[PDB]
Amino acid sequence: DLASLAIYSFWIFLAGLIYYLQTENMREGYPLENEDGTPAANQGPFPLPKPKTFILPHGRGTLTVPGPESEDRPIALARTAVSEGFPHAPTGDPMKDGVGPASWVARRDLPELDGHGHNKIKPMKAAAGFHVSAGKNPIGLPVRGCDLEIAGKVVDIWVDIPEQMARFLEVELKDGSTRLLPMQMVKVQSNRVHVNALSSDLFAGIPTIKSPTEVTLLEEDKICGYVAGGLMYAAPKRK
C-alpha cells in the first residue's frame, strides 16, 4: 500500500543523503595518514568526493578541495611509544614551537577583506568613526597576567568594521612594543584587564605582526594559538 512504499522509499533516500553528507565532510584532512605521515592502509568505506573549486573574492584565486594536504611548517614533536595511539612529546618549548594547544595553521599571510575589499580588522584609531558605545572602555587599563603581575596597558581596540565588534586589544609592554590579545581570552574589569591564559613573563613571546595597522590570517593563528597554549603550558605560574 501507498504508505509502506513511501516509508521504504524514504529510508533508501536517507541512506543516500547520509552517504552524500559524509563524503562532503571529507574535503579536508583526508586521506588518513599513519603517525609518520604516509597514507593509512584502511581509509573506511567512504571514498573522497570529486574536487570542487571555490572562487575567492578580490582576485585571491581559487581553492580546490579535496587537494594535496601539507602542514607547510616544521612540527617539533617526538613519539613517546613504539606503537600507534600514544601522545607525541614536544622537543622544545611548545609555546614557541606552536604545538599542542599552542598549535597554529599556515594560513595565507594576507588579512581577511570585507565585501568591498578593505581590511576587515583595523585598529580603532584608523577606523572613522568607530567608538566604544557600551560596556567598560578597556583603553588605558593595565593588563594583568595569571601570575597577578602587570604585563602592560591597553592602547587600542582592533575592530571588525563590517560586523562592528571588538576582536583584539592592542597591549603596550614594558619595552614600548605592542602585541594583540584576542578579545575572547581577556576579562575586562572596572580597574584592569585580566588574562588567565598567560603570565606577565610570557607576553613578550606573543608573536608580533609585521605592519602596525593590519593583521594577516597567519598572524591571527599564531597569536590566538600562542595565547590558548598558555592555559596548559603556563599552569605552573597560575594562582
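Residue numbers run from 1 along the displayed sequence. The term rigid core refers to the most C-alpha atoms you can superpose between the two forms while keeping them within 1.5 Å.
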Quiz item: Core-aligned, which moves more in 9 other deposited structures of this protein: 51-59 or 29-37, by CA RMS?
Solution: 29-37
Quiz prompt | Higher-deviation stretch (C-alpha RMS, rigid core fit) in 9 other deposited structures of this protein, choosing from 66-74 and 201-209 | solution = 66-74
Practice problem: Mind pulling up the entry and telling me whether 100-108 or 148-156 has the higher mean Cα temperature factor? | Solution: 148-156
Quiz item: C-alpha B factor of residue 33, ranked within the chain: lowest, middle or highest third?
Solution: lowest
Quiz item: What third of the chain, by the recorded C-alpha B-factor, contains residue 83?
Solution: highest
Quiz item: What third of its chain, lowest, middle or highest, does the C-alpha temperature factor of residue 186 fall into?
Solution: middle
Quiz item: Sorting the chain's CA B-factors, does residue 167 end up in the lowest, middle or highest third?
Solution: lowest
Quiz item: Can you tell me which third, lowest, middle or highest, the CA B-factor of residue 178 falls into for its chain?
Solution: middle
